[PDB]
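Heads up, what comes next is one protein chain in two forms, each shown on its own as structure tokens, labelled structure 1 and structure 2.
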Structure 1
């Protein structure tokens, strides 16, 4: 069972809900910009939160915009925005547009430009070349990335975008790591020790570490049979060690040879 950090869940839930309330005399930022080191569960925890709140999400990947092969990223964002706006009026539920891994320089400008224009009038979002007298719904936008260009400063400053820095703290790690290894028969104190052993590491390192433990088996199994005859043999059965000792050496081999 995966673990969503309470203050992460709050920030995101408050942002979305605040966009669907129409408290007069209170302008609301349309965009939530979640930034921080890569692989700290920005995307994963958003998805946890949405599943929990029963929110349907329209998802664009950052690579879908940074690439020359995708043509027009302004169009794509505006298409998905208007699409999510209709799903609100239809399903009568909270819906969200999400852009992932927003961290090229040329498409980056167009993307910033597009989000600025949408945030300026979340209700009058037209496809380029098109015009529709119809107001459409305001759709809260969640964005993730390593940091946000100084080109986003004007948005944050005028309260059209809310920045949120995500750096898991140790209670947050114990919870998330605890969930990563929740099916591996571990006690909290083993979980607390694991986190304290690798304390500058990203959440990603820890889920990588879990997969590595399975890889180490398969490696040894291959060394035993020999490479010469591994193919015939297969064309690795047991529950691996997972003891806290083994997770640590496995982690140290990862950190001694990483990236």
Structure 2
């Protein structure tokens, strides 16, 4: 039911596969930096691609690299790297290290706290790894055998100028994700795939809200269930609704998919934006 943008799947599949091939004549970047604004399915499209290709993923949260409880982020990144490399030797399949939301509380998400991702240390680490993907030792350790090369995917809203040297030496490649009209028709099409909307109506929906994100359209669909939810609360009664939903004694409530029109969707859309 979920639509994968072909060019998104291609970019990510080519990047990973290219890191498991040894093609001379060109340098392969170890790191793929996927940036773009929120609510466009950056991470979600990655997951669809990893599922599609059967790729196991070692994950590092940006809130993990932000926290002193992660100890030294340089140490954590290296550990997870060596962890992912072993899985390649063991599982005998493509494995990927992924660092999500590399700029956790930066910009319009800044909460003005003491703690922030040591981006310069993270950058420095990725630079050290990228220079020699086969020899990635923990700080202090020296006597260890060559290790498997692990492709790295990093996502964020944008990437610092600190990453320019990585890019300039082809150790990293930036991929800007902003869904175009063709992408939106595809993605929004998959969201309303079971709602009996034609190709044109889906195009009209996209064309009616050309500046909105993918999340705007899925949110548009979700609010239609509210009438059923209201009625369901009335039947159960306000006094007992809490027990009915949170206590998993009786079966969860079964809701029907509602019939709606492009007209209705557009009306709702304008109300949301209004």
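Rigid core (definition): largest C-alpha set, two forms, superposition within 1.5 Å. Positions refer to the first chain, counted from 1.
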The mover among 209, 32, 46, 65 between structures 1 and 2, judged by a CA shift of 2 Å or more on the rigid core, is 209
Tell me, please, whether between structures 1 and 2 the C-alpha of residue 81 is shifted by 2 Å or more, with the rigid core used for superposition. no
2 Å or more on the CA of residue 14 between structures 1 and 2, with the rigid core superposed, yes or no? no
Does residue 157 move its CA by 2 angstroms or more between structures 1 and 2 when the core is aligned? no
If the core is used for the superposition, what shift in Å does the C-alpha of residue 225 show between structures 1 and 2? 10.2
With both forms fitted on the core, how large is the C-alpha shift of residue 185 between structures 1 and 2 in Å? 4.9
Per-residue Cα shift, residue 114, between structures 1 and 2 [Å; core superposed]: 0.7
